[PDB]
Each structure stands twice: as C-alpha cells, then as structure tokens.
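Each chain, letter by letter, is given below.
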Amino acid sequence: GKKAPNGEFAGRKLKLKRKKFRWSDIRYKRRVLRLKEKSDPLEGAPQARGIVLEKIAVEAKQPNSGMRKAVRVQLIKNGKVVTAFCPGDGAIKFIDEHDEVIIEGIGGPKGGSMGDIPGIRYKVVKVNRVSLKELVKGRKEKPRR
Amino acid sequence: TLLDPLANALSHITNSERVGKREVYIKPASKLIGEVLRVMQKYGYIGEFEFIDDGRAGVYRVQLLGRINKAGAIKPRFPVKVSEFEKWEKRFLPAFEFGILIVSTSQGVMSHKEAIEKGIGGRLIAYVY
Amino acid sequence: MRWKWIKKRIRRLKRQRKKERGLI
Amino acid sequence: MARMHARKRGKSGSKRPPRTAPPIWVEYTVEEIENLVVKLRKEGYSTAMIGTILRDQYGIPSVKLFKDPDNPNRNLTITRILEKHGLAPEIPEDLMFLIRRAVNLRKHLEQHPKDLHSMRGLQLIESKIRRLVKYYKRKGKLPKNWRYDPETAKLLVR
RNA sequence: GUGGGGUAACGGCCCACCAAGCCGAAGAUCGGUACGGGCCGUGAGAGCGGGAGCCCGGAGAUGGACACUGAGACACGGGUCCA
RNA sequence: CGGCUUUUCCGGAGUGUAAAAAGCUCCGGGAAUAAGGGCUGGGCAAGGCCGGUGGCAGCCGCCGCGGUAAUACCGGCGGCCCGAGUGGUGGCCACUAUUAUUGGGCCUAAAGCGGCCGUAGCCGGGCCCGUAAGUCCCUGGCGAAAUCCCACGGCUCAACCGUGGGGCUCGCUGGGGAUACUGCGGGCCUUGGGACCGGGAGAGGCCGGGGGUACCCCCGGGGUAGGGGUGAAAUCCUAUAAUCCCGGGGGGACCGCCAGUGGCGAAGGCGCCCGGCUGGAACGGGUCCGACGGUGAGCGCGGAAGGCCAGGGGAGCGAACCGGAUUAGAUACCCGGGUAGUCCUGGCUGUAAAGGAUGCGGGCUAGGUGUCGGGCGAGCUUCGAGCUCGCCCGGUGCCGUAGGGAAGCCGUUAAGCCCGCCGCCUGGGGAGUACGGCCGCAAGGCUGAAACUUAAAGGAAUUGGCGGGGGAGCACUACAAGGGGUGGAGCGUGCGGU
RNA sequence: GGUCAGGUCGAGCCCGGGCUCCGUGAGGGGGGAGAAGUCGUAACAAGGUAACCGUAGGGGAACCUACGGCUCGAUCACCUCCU
RNA sequence: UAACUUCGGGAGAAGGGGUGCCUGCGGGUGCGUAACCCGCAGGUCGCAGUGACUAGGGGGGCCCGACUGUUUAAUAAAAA
C-alpha cells in the first residue's frame, strides 16, 4: 500500500482521514470555525462607518520612510478602535475630526497590510459619506462640516 | 502472506516484459492468474504457457511475445456499472483500441471489448495492454 | 542551538510553573 | 518461502517431495502401515517423530501418499489413523507442544528473575498460543468456554 | 414487562406494580454551528463551497404561558394572563 | 468639403384601459446628434515619451519604484485593454495532485512511531460443491414542477416562454435470470504459517565459581631532596623523609593484546575463563497440523545515559565546588584537589541525531567481489573440514547494469516495480509555548493551540573568495640569515592641525 | 354567573449551584518590529576549546562543564578501507 | 456536594426538600400471626409535626505549629 486503506468496507477510514487532514490548512480551518469572521473586527461585514477620533501618521517599513496618512477611527456598532490608512495624496486634509467615515479592508482580510504600512489593516473610502477619490478631483464635490 | 496473487503475478509478468525476458516463471499460481492468462493468450498478448502441477505448487511458464505494454491489477477491485465502464475505459486503457480492461462478468471472464460485445459486467479484476 | 532553547524553555516552564505553583 | 518473525534471518530452504503417488519400490500393505504407526505411538514418541522414524527406517516419506486410496473421503496420515483407534490426544500436537514448553520457562523465571531475554520469550510464546488457540476454538479442537492463562496451563501439563 | 387511563388514535403518552435494562470507541453524551429539500456557485471531471428570489415541506408572529369557538386554531391584522 | 440616411425627439391614428400609464405599433414632422473607465517596470508586457519632482511627496496585488538625465510618482502628450461599463475592498471556487478517489509525499527538502505484540478494523493460496447477500442483466413500481441540455414552435431578435425528448440529490421498492468475482455454508490440498529430529556457531540473558594485570592504600627495609605537572608555569606533594626501589598485606573497579572490512540480539544493547539454568538463531530431512495467514487504531510490554527513591558500598574518575594558571577580564580550555554519581540490590523515571534520519510482510527485477555461519563434490592431511577450489542456504559489507533520484546517492540487505496494512507531514517564526486534561515522588513527560508577523524558511550541487583546514611550489613590497638605516638632533620638504 | 376547598397544565419573578462565552486588574514572562548603544565572540573555516545531541548543575549573557550517544565529525597522522 | 489533596481526606462542605395523627397496605426475620423493624397510599388539624426535652451556625483569606498529646497542679494551654 501507499497510504490509505483500500478495501470495499474500509471507506469510513478514508472519509475521516480527509476531514482530519483537511484541517492542516490554516485558511480552511479558520473559515469553517469562523476565526476569520470573529477576530478581525467588522463581524464579517463588508464595510463599516465610524467616527474619527483623531488623525495620526505612522512611519514606513524596513526600506522605507514616510509619514503615511491615517485616521484612528472608532467603529460604531462594533465599538472597536481601528487604525485606517487614507488613500490619495491631499486626502488627510478633507477628513475633519468627528466626521462619518467608511472603512474597508485592503489587500486580503487575512491581516496582512500593504508591505509599506506596519499596523494598518484598513482603508478609508469616505468622509461625511462622500469618497476620497471624489475629493481628490476638484470639480466633483467638496466637503462639509 | 500474500494476497491478490494475480497482482503479484501480473506485476512479475510486466516486469518481465519490461526486461524483454524469454519466458517468465510465476511461482504462486491460481485460477485468477490462469483464467486471466487464458483471456490474455486468447487476445494474443502472450504465447504458449505450460503449468506443471507440482504437489507443492503450480508454476506457469509463460512465453513472452513482446506485445504487452503493461498488465497489472486493480487495487480495491471496485464494482463498476456497464454505464460506468466508459469512465473506466478512458482512465485505464491507453486508447479505445486496446480494450482489455479485464472485468469479470456474469458471462464468465471477458476482456473489456469482449465484455462489451456480450454486454454485462461486474467487479474490476485487472487490465492488459 | 538546540540546547539553548531547551534550557530557555525549561527556565520559562519552571519559572512560570513556579508562578503557577506559587500562584498555586 | 521465508518469513522474518522475531529474527531478520530467512527460513529454511527445505521442500517436500514433489511426488504425487508413491514408490512401488517401497512396499507396505494398509494393514502393515497401521501397525507401524500404532507401535511407535505406544512407545510415547509423538506424531512428528513417528513419521521421522517411518521415513528413515521404513522408507516412507509421508503417509498420505502411501495409504489413500483405501477410503478416499480424505488422506490417511498419522493422527487420522490414530483418531480411529482412539489413540489420538484430544488436544492437537501443535497446540500441546507450544503449551508445554511455555510451562517449563516459567520455572526458570521463578528461581532466577532478572532475565531480560527469557522474560521476553515468555511474551513471545504466549502470543503465538493466543493465535493458535483462537482459531482452534472455531474448528472444534478446544471448546469456546476455554481461555488461555498460565495456571490453567499448569493444570493441562499436570 | 403486566395491567390500567388518556387521546381521534399506537405508544413510558400518562400511571400503578414488576424487572434491570437501554445507549456508547462502526464515537454515544455533551459543546459549537445550522431550517431542510428541489436547486445554486465554481470546476474538464472528480470534487469543493452554498441554502438567495421561486417552487416544495416544517418552524414562528414583542418574550413566555393558556383555553374557547369551530371539521380544523391553542388563532400575524381574535381573547386571557405575566414580563 | 460634397452627398446620403437619420437613433432620440414632436405631432397623429388606433390601441389598451376592460380609469389611466406603460406610448408600443402605424403614419406625418425630424437632428450626426449621451461615452467612458482602467493601465503602460518587471508579473502580467497588451502598451513610451517630455516636463515637474528628487529615497520626498507618493505608487503598492507581489517582486518592487523615488536617494538630482525616474518609461514605475505627479501632470501632459502619446499608446494598450475593455466598452455603458470599468475599477476597489471582502467572501467562495478555480489555478492548488497546497488535501492526493481521479491525482501528493515521508534518506538528506515538512514528514517513520526508539521496537514489538496482538485486539477492533482492513486485507487474504488452490481445488469442488450449495446459496446468490454484494455484483451484473432484464422487467416493473418510483424519485413533483421548476432550473440545466437537445429539437421544433412563439415574441422583429435574443433573453424568456410553449411543446416534445433526455438527465437529475437520485439515498427506497418488487419479480425473474447469470454465478466470474466477492460474501456465507460445506468438503477437499500443502506452496504460506506453525510444528519435529539431528548436527552447529556466537561479546544473548541469569546464577554459581574462579585468575591475573594495573591504579590506590597500608606496613617494614633500602635510599636523599626533590617529585609532579606544562606550551611555559604555578598550585600541589615532600623533610618524623616524599618520588624511587625491594618485600609484605588490604580494597574496589575492570578484563589491553585477543579483536576481524568479525559474531549476537526485536530494540535499548552485548566482550576474562569455567560449569549449570535459560532466550534467539542456521541447515538437512517438509517427518507432523492444514490457510491456521499479513498488518494493526486502541492496549500491553522491554527501553542507554542522566535524574529520583531506600538500603549497601566507594579504588580510580568526577557536574557542582575549592585553588593555580591563561586572559583585557575567564564564571573556560590547561594543572592540582573534590561531592553527588559512576558499583550492587530493589523500585521509579521513559528520553535521545533511541540512525541506516530509510515502519512491516510477500512477489518480480544484470551481476561482481570480500566475509561469517550451515550443506555438498574433491584435492591437500598434522587424518581434525586443518588448507583450499565451487555450487548452494542463511547472515553481514563494498562496487556496479537496467531503473529511480533534484542531486549526493540508491541499485536482490531498493530510495526499482507491485500489492496489503500502520504511524506521520502539508511554508516559516509565534511555539513544541499557553490552557485543559492524563501521567510522574520529584525533576519532568504525553497531548497541544490562537492572537501577531514574514517573501522567505529550506535541500543538493556549481563557481569564487575565505580558513589560527591539509599537500605541492615560488617570491625578495616576504621571513630568517645578514649589511646599512628610520624612530633620538638640527635642518629641508610634503602633510595633519591651528 | 358568585365565593370558597382539593387536584391538574403552567411562564416571569427570586435564590443557590452547575456548564459556557465576553470585558476587564496591581503585579509579573516572553513574543514579533525598530534605527541606533552596550557587553561579550557563541555558531558558520578545526570559528582558533570540532559540532550536534538527551539529561543534570552552574554563570550576567552569548554559554560552560559532566556523562552517555551521534557524525550530518574535525587536521595530516592513524587505522582501516580502496586503489 | 467546591477549592485543595500527602488520594487517605476535604465532607456531617455548601445549599434545597421532608418529617404529626389517623385509616388501610406491602416487605424482612421467623413461626404460623409471636416479637420487632423498614417502607407505600389515602384521609386530615395547627402559626409551628426534632412542635417539648435533646439538638453544628455556615463560608473564604492569612500567620503559626504537622497531627493526637503535654505545658507554668493554683493570673500565660499558646505559636511553647
């Protein structure tokens, strides 16, 4: 034999073998339990709004130095602290403290950030329910409160 | 102890062929091997074979033509419907042409193509090609 | 290497199990 | 041919004759062969040795071949001959000899116990007896209300 | 198990008496997670994952408990009652 | 620029509504009249220039890009994709034979349980016969519609819908038939297995007995001033005298050469000799049972050294320890002392690079050589298989064909080709940790995670460089040998600094 | 339809305990990042005391040392192989 | 019926329920309806059924000493 039983009656042994051996996958083990849903806040949700506590900058990784623009936000329902990285150049200027902000993951929910950012898990799409990519371009819409 | 005596015999008979050996001597010997050998011979894969029935053991001495590409047996010996035959026919056989995926049937023992011609089937014993 | 580690683990286990034992 | 069980050394290359009917250059009547078997059994020789004597002395290699046909339900070979006369031990010569030897080791361990090897041998012998006994129960040389243990062994020997 | 009630009706459903069983490593029990099915998504297949409109069945109607009236209800837009 | 037609859009007619709208559809009027979004470095390339910026600001899915001529950033310009979409974040499947049934590994990459047994379980030699449970065939009862596929038909088209045929999670049912295969039942045989007799080798085990070498000590004699120890040394020992040397006696531990590329054992492991008890093991002869078989979750058992426990012992050795040296310092190499332990008995513990990093059994697949033990046919003989040639059986080594392997290697003692069965692995670190449970006297063992973080971790082989790594070989910017000199002074000169 | 006895179905409420899950505390350990300091030179070349290993004690630390194992082991020598 | 544990214990943990009289039964031991004892059902009164008398309050952390015992016969019984 190379390994696994083979007998007509033997099938339960194989059926159990695979399920046990399947758990050796981290991602399979995680989703099936719901270690993905629970651990990285959101409640599995695609997005969440929160109120801006403050605007902080974080330093870049091992090669890199730069003050990346970030907001510490508090997610509303969840009631957790998230650090969320602001896209676009000018962007941090639009976000007035205590506006309503909408937060997404970035680049796998797995926990991994972009390479450059250290602790930041998250992306900021919106300021006062209008996205930053809008605010980057002058013409479109321009913000409030 | 051995089991699957056919598998061992086939495994020898193929390894035999692989070498190009003149003849083969298979020591543990049976209906399973001998009926399969007679179906194999009937298609023309092997030449003449003699078994002396020793008070210890049949020995078969099989002539090798050189026609066999591979002959081995089927690990679980699964049951296979005549509709499932076509699945097995692509998996195991090298082409549609060769048609000895030996199956044991209600009719006696047949090849794969012979099993087809009657139409009938059963548990998978082995292959020859 | 492997010795390093065993004694670190044993010092960790024994000091921590001392903190369990003397938390016991 | 071989099998490695409590060793890595192959088993003896010895073989039976490939004979299938007998020499007529060796000559005995059915009446005469039963007499040879019975006499040797009376001495206290065992059935293995009994044939050994009959092959060396009387030139008969295996009983089966010589006798039958004379009643061709099955072969007439030493303990069958003996079973009809009522001379057979009820326990089979395989199972008897294994057990006996097993009692003899035990006595050595008693006065002597610091034995790694002899001790281990006791494990080995007993395990074979479990297999040999388990099949015999089914066929009917041993009743199923039996079970193997070492006092029960001393009770058979004695 | 025996006998008995109760119900539309079998039945430890309920009950009296009697027995000591019954279930479990061919994974019981317990914990977690979940309407189930037709289907669906992907995938050469095998396989994996999924229960969404719709259709099919059950469950439920602020949370819990309860009868009456009717063939039928313990009753989403009927009643009683506690929270 | 010339001509043509002319989507929205206007107006009308019916419709429909069984009130509109939906304004369709028919007709009249009538315009070239809604197009965007991403990327353009390698990966994908499917697509390159200029300006600005200058390891910033940014870009970012990864590898990466920006540190003053950036195709990667920003803007422009140009180009590629796609097109009423395009793109982001998240989830799922694919790719991933990275869950292996199709279709995966485990010598060294992750991975073999330190070994065994035998229970559940899986798997099982031949020959005959019964049944036909699995299995195959046929019939039939049946698994709604819908979705899916095919045909035709309908709506301007197609989506969708109608009709007709097929398939469906397809898990159930009944009767009839076949009997290779499998299951069961019965009978039958020796190839596997187990068993016997007789020769035989060995550092297997236990027990009794018994010798000597050396080390140590103690005692007398002899005999003076050092011995010991090292790279040098010191400590150290020794003057009521060491070391030495001679004789005498006591103690504990062991058994060089022998000794092998050797033997034995399941494994841990095993060496004076002798006898007794006792385990395994080869061969010839199959003489006896007659598939009794293989593997084996669970379970049970043995398991170095070190540690623990009780009791007894202690020469030499020696963690810890105490000095000395060395060193910058030395918690070390080196020396001089020393306790636990090393020994025994009883119990416990249960680990390991417990290795051949290679689980076990069977069958098949070039050989060569050496070697151990057994059989055989001879020659030799000291008449004993003592010396030797070969075939063969079992065992241990090397080399190598076919093949396998990434290579190194493996190659009838498989890592080849098959079959059966077990254990285990599935990127790295976190971490062999935490908790929980079990075990243990204790020390600790068994089991065994997640948060978080990473584009590697890793293996073999190549090339060079390197080494207080080895061998060969030269040199005068080398060292020695050797002669003269700089560093001391005054001055000249270049420099550092001021 | 009244009130009242006995009996039955029978929540929430309260108390005590059991199981399970979340937030969170003086104090105390390691863990993955960090550019740059400190101490020593541990491994990697025989890393200048071969290395690893199981276990036991000690030292600030890398570590050192004992015993027993292993070579994936060290230098020519050695021995032995092989030639 | 917890923590803990020298597995012996902790433990009578803790907490919750019941308990009277009458009327009628059953079981055990015996011998034949004695002498007692252990249960079961119904009916029913009080504020309360161990109604009296008899009769432990419990739980947790810490210090010390192992325990039991002994001690200043007669101001100290403890940790000594």
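As recorded in the PDB header, cryo-EM is the method behind this entry, and the stated resolution is 6.6 Å.

A few points about the overall build of chain D
Broken down by element type, chain D carries seven helices and zero strands. In chain D, the order of α-helices and β-strands from amino to carboxyl end is α-α-α-α-α-α-α. Against the globule reference of 15 Å for 158 residues, chain D gives a C-alpha radius of gyration of 19 Å, more extended than a compact globule. Taken along the three principal axes of its C-alpha coordinates, chain D extends 60 × 35 × 30 Å. Within chain D, buried positions represent 28% of all 158 residues. Of the contacts formed within chain D by residues at least 6 apart in sequence, a portion of 53% connects residues at least 24 apart. In the structure as shown, chain D presents an accessible area of about 12000 Å², 52% of it carried by carbon and sulfur atoms.

Examining the sheet that holds strand β3 (residues 58-64) of chain B
By definition, the strands of a sheet pair up through backbone hydrogen bonds, in either a parallel or an antiparallel sense. Residue and element names in this part refer to chain B. Judged by pairing direction, the sheet is antiparallel, and its three strands sit side by side in the order β1-β3-β2 without closing on themselves. The open sheet has two free edges, formed respectively by β1 (23-26) and β2 (46-53), since each of these has just one partner strand. Taken over all neighbouring pairs, the strand axes of this sheet differ in orientation by 20° on average, direction set aside. Bridge count for β2 against β3 is six bridges, and the pairing is antiparallel. Bridging across to β3, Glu-50 finds its partner in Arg-61. The strands that helix α2 (residues 31-43) touches are β1, β2 and β3; relative to β2, the one it contacts most, it runs at about 155°.

Let's talk about the nonpolar core
One broad trend across soluble globular proteins is that nonpolar side chains are buried collectively. Among the nonpolar cores identified, the biggest contains 25 residues, and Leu-10, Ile-13, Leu-37, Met-40, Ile-46 and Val-62 of chain B are the most heavily contacted of them. For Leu-10 of chain B, the contacting residues outside a window of four places in its chain are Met-40, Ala-71, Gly-72, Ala-73 and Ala-126 of chain B. Of all hydrophobic cores here, the second largest spans 20 residues; its members include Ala-48, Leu-75, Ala-91 and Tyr-122 of chain A.

Comments concerning the protein's contact with RNA strand G
Residue and element names in this part refer to chain C. The environment of RNA strand G is formed by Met-1, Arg-2, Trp-3, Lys-4, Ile-6, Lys-7, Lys-8, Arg-11, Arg-12, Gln-16 and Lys-19. Expressed as a percentage, the sugar and phosphate content of the atoms of RNA strand G within 4 Å of the protein is 53%. In the environment of RNA strand G, a phosphate oxygen lies 2.5 Å from a nitrogen or oxygen atom belonging to the side chain of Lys-4. In the environment of RNA strand G, a sugar or linking oxygen lies 2.6 Å from a nitrogen or oxygen atom belonging to the side chain of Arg-12.

So, the protein's contact with RNA strand F
Surveying the vicinity of RNA strand F reveals 135 residues, the closest of which are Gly-1 and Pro-109 of chain A, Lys-27 of chain B together with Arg-9 and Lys-14 of chain C. Sugar plus phosphate: this is where 78% of the atoms of RNA strand F within 4 Å of the protein reside. In this structure, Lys-17 of chain A approaches RNA strand F through a side-chain N or O atom, which is 3.3 Å from a phosphate oxygen. In this structure, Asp-115 of chain D approaches RNA strand F through a side-chain N or O atom, which is 3.0 Å from a sugar or linking oxygen. In terms of residue class, the surface near RNA strand F is made up of 40 nonpolar, 43 polar and 52 charged.

The rules we used
- Residues numbered from 1 in each chain as written, not as in the entry; some residues may be left out.
- Chains lettered and ligands numbered in written order.
- Part of a larger assembly, values for the part shown.
- Heavy atoms only, no water.
- Residues with missing side-chain atoms left out of burial classes, pairs and counts.
- Helix = DSSP H or I, 4+ residues; strand = E, 2+ residues; numbered from the N terminus.
- Rg over C-alpha atoms; globule rule 2.2 N^0.38 Å.
- Buried < 20%, exposed > 50% of the residue type's maximum accessible area, 1.4 Å probe, protein only.
- Contact = heavy atoms within 4.5 Å.
- Areas by Shrake-Rupley, 256 points an atom, 1.4 Å probe, with all protein chains shown as cover.
- Pairing = 2+ DSSP bridges.
- Axes fitted to C-alpha atoms, helices over the stretch in contact; angles between N-to-C directions.
- Core = buried A, V, L, I, M, F, W, Y, C linked by side-chain atoms within 4.5 Å.
- Near = heavy atom within 4 Å.
- Polar contact = N/O pair within 3.5 Å; in protein donor to acceptor, adjacent residues only side chain to side chain.
- Nonpolar A, V, L, I, M, F, W, Y, C, P; charged D, E, K, R; others polar.

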